[PDB]
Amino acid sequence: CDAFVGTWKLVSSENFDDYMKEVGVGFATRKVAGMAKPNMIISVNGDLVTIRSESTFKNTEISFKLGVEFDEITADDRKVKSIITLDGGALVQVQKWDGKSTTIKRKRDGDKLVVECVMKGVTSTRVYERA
């Protein structure tokens, strides 16, 4: 996934609060999340891919092998089971917890990196540009 490697900064967000509402994020956490303009850093070392999100109030990091299910603690503190595969040139992530699931797709669009999150019909689109 060489096309994803680098540091990206958030430029626009659409329906993110609605997505968080659907996932079940609390009011306070939703407000902090909506204020943050995180930087996403993606790197690859051998077969391990690392996706790091940095913001003044919270940094997250996940290192994984494409196709192998792993444990992830989300920014909003959910303990989920995640699997990320490379399909059609996009990184497709599925998070599962308490009988629920949500999909997060990270793809390239022109010179931008687009992240699309879907939870029960509600779709959020976040656009990132290179830092």
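We call the rigid core whatever largest set of C-alpha positions still superposes within 1.5 Å between the two forms. For every residue, the number given is its place in the sequence shown, counted from 1.
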More shifted region, core-based fit in 9 other deposited structures of this protein, 84-92 vs 51-59 by CA: 51-59
Stretch with larger C-alpha RMS deviation in 9 other deposited structures of this protein, core superposed, 100-108 versus 27-35: 27-35
28-36 versus 43-51 - greater average Cα B-factor per the deposited record: 28-36
Greater mean Cα temperature factor according to the PDB record, 89-97 or 52-60: 52-60
C-alpha B-factor winner, where the candidates are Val23, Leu10, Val118, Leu113: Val23
Residue with highest C-alpha B-factor in the PDB entry, from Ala75, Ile104, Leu66, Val80: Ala75
